[PDB]
Amino acid sequence: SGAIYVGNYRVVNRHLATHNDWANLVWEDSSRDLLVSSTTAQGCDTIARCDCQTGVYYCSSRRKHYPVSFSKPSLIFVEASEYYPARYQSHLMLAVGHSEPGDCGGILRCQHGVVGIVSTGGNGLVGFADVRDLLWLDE
Ligand SMILES: Cn1ccnc1[C@@H](c1ccccc1)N1C[C@@H](C(N)=O)CC1=O
Ligand SMILES: [Zn+2]
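Under PDB author numbering, the first residue of the sequence shown carries the number 7, and numbering increases by one thereafter.
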């Protein structure tokens, strides 16, 4: 689990969004595994606006932060799951590292702020749903 809090927005993995997220829906995209909902309290997370390919992510299944090199946002095939059928997930970045199902929502950060959140795993790999293109989060 895990989310980003920026201004009056809450950003979560779409497959883990609650009833409250859907009742206060701002934007959702199944192909990116993202959903944004509105909040009453203000958020202070800073979103990175960059093309960084190195950063640090939080891995709940290890209670550790790990530094990683990650790929550029792209369309990557994601095997079927209880949440989605087999499909290409867009805006996804991969890194070599640990990720098991309950790790989704862990934040990835570079020197400029929040890059995205854990969205895929297995095979000694970790996938992050990029959020740096969502310029409307800051305004
Ligand atoms: C099914 N699959 C393929 C690669 N990874 C997964 C698992 C997964 C996620 C995180 C850690 C470990 C495994 N995901 C990815 C999520 C998605 N974005 O669609 C849904 C899901 O269950
Ligand atoms: Zn950066």
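Every residue, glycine too, gets a C-beta built ideally from N, C-alpha and C.
Distance between beta carbons of residue j and residue i, contact taken as under 8 Å
| i | j | result |
| --- | --- | --- |
| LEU100 | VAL12 | The Cβ separation is near 24 Å, so there is no contact. |
| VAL124 | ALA54 | Contact flag wrong, Cβ pair sits at about 16 Å. |
| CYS110 | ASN19 | 5 Å |
Residue i versus residue j - alpha carbon distance
| i | j | result |
| --- | --- | --- |
| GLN48 | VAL17 | 13 Å |
| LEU141 | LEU131 | 28 Å |
| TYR63 | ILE113 | 5 Å |
| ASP51 | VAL42 | 14 Å |
| residue 147 | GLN95 | In the structure as shown, the chain starts at 7 and stops at 145, and residue 147 therefore has no counterpart that could be examined. |
| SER77 | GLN59 | 6 Å |
| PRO91 | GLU85 | 7 Å |
| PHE83 | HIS104 | 19 Å |
| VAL74 | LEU40 | 22 Å |
| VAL137 | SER87 | 23 Å |
| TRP33 | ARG115 | 22 Å |
| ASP57 | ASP139 | 10 Å |
Where residue i falls, given that 16 or more other Cβ within 10 Å makes a residue buried
| i | result |
| --- | --- |
| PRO79 | buried |
| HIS71 | exposed |
| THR46 | exposed |
| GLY61 | buried |
Near ligand 1: residue i beta-carbon under 6 Å from a heavy atom
| i | result |
| --- | --- |
| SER96 | no |
| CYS110 | yes |
| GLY130 | no |
| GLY122 | no |
beta-carbon residue i near ligand 2 non-hydrogen atom, thresh 6 Å
| i | result |
| --- | --- |
| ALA29 | no |
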